[PDB]
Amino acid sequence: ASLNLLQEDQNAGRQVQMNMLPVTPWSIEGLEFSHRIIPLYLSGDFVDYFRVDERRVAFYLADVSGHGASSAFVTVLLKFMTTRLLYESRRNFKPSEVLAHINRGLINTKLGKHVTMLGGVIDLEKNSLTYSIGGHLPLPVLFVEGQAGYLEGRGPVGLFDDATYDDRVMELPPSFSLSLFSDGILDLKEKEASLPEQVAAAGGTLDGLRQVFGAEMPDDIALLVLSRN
C-alpha cells in the first residue's frame, strides 16, 4: 500500500526520537523526573534532562514552531547542542547563556525555525532552582501542599541575533512539584491560562495523572513534572 510505506517512513522517525529522550520515571537525590510527550508521529515538542557533576541538574521543555517532520528536525539539533556543551566544558553557569548558544545555532539560516523552551538548572546541594524562559509558552506550575502558581518571567524564543535573555533563581521547599507544559492546554486566551494553575493543583501532581490521557491533537502536547518529597 502506498500509504503503508510512508507511514512506515514516519514511524521510523518516531521510533528514533523515542531513543533520544531519557527514561521515566527517573529519580535522583530525591528529585523525580517524569515526562509525557503525545505526538502526527513526528513531534516538535522535546523534553530533556541530564546530570551534571552530581551537583547541578538541568532540564528543559522545548516546542518548535508548528509540528510534524519539519519541526522534528530541530529537536534533533537541540539534543546535539546540549549534550555537546557538556563535553565542550572539557574534561578539566547561568542557563541564560545556554539559551543564547541555542539561539546562535538557530539563527544561521537553520531552517528558519524558532523554538520556545523553558530552561531550568537545579543545584541539589543548596536546593536552588534557576529557571530561564525564552518562549511565550505556558509558564511552569510548581506545586506545594494543595496550591500551585506560575513562575513568571518575560522572554525572543531564539530568532534574534541579540540575546537579551534574563533568568531568575528560586529556592525549593522540602516538598515541591514543578510542572512544565507545551502549547497544548485542552488536555479566552488568558482565561485559559488560569486553568492549568488551578487544574494542576486540584489534580494529582504526579505524572500518573498525566498518563491517564491516551483523535490526535491540533498541536503537539508535552509535559515535564519535577517533584520531591
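Residue indices: 1-based, along the sequence shown.
In terms of unmodelled positions of the deposited sequence, the chain runs continuously from residue 68 to residue 69 in this entry.
A chain break between residue 92 and residue 93 is present, corresponding to 4 to 9 residues of the deposited sequence without coordinates. When the C-alpha B-factors of 9 to 17 and 202 to 210 are averaged, 202 to 210 comes out higher. Averaged over their C-alpha atoms, the temperature factors of 55 to 63 and 172 to 180 are higher for 172 to 180. Note on the listed residues 187, 48, 166, 29: the highest Cα temperature factor in the record is that of 48.
Taking the deposited Cα B-factors for 105, 149, 120, 158, the highest one is held by 158. Ranked against the other modelled residues of its chain, the C-alpha B-factor of residue 82 as given in the entry falls in the middle third. Among all modelled residues in this chain, the alpha-carbon of residue 153 has a temperature factor (C-alpha) in the middle third. In this PDB entry, residue 215 carries a Cα temperature factor that places it within the highest third of its chain's modelled residues. In the PDB entry, residue 139 places in the middle third of its chain by CA B-factor.
The deposited CA B-factor of residue 113 belongs to the middle third of values across its chain.
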